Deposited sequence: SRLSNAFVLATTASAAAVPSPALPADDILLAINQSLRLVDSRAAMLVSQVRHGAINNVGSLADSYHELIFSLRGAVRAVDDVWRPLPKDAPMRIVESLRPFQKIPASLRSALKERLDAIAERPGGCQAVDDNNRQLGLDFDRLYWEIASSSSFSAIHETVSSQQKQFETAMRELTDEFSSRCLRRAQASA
C-alpha cells in the first residue's frame, strides 16, 4: 500500500504541476521557467517512486496506475494551445524562444523517462503494452509541439 500510494500521488502531482504550467503560460505576467522546472522535478520524483518498488504489488496496482497516467495524454495539447496564445509575446523577450524551447525539450525527455520506468518495470508487466503505447503517443505530440513552437518563435523573434 504505501509504495503504490507514493507512486500514484507522484503521478497526480505531475498532472497538478502540468496544469499549473499551462496556467502560467496563459495567464502569467522566468516565473514561467520556474513552472517548467517544478513540473520536471515532479516527473523526477515520480521516477524515484516507481523505482522504489522492491516487492510485488497487489493485483489492483496496474489498473490504478493506468487511471493515474490517463490525464497525461491531454497535456501536450493543453500546453500547445497555451504556447500558441503567448508565442508572439514570448518571442518579444530576448532569449524567450530559446528558453521555452530548452524547457519543452527537457520536459519531453522527463516524461519519456517516467513512462519508460513504468513500462519496463517488472512490477508493471501486466500493462507494459498499454504504457508503451501511451508513451510513444505522448512523445509524438510532445515533439511536434516542441518543433512547431521553436520554428514559429524563431521567425516571430
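Colleague: Which bits of the deposited sequence have no atoms placed for their C-alpha?
Modeller: Comparing the full sequence with the modelled residues, the uncovered ranges come out as 1-25, 55-58, 187-190.
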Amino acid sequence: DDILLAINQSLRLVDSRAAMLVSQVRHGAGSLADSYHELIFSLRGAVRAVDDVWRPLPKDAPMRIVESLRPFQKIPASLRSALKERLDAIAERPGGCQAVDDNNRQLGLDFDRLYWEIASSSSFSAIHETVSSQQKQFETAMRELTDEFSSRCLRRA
From here on, numbers count along this sequence of modelled residues.
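Colleague: Which is higher in the entry, the mean Cα B factor of 48-56 or that of 99-107?
Modeller: Comparing 99-107 with 48-56, the higher average CA B-factor belongs to 48-56.
Colleague: Could you check the entry and say whether 137-145 or 14-22 has the higher mean CA B-factor?
Modeller: Of 14-22 and 137-145, the stretch with the higher C-alpha B-factor average is 137-145.
Colleague: Which is it among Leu43, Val131, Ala29, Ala33: the one with the largest CA B-factor in the entry?
Modeller: It is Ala29.
Colleague: Could you tell me which one of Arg70, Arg93, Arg64, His37 shows the highest CA temperature factor in the PDB record?
Modeller: Within the set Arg70, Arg93, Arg64, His37, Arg93 shows the top C-alpha B-factor.
Colleague: Name the third of the chain's ranked CA B-factors that contains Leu114, choosing lowest, middle or highest.
Modeller: Within its chain, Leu114 is a lowest-third residue by C-alpha B-factor, going by the deposited values.
Colleague: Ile7's Cα B-factor: lowest, middle or highest third of the chain?
Modeller: For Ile7, the deposited C-alpha B-factor lands in the lowest third.
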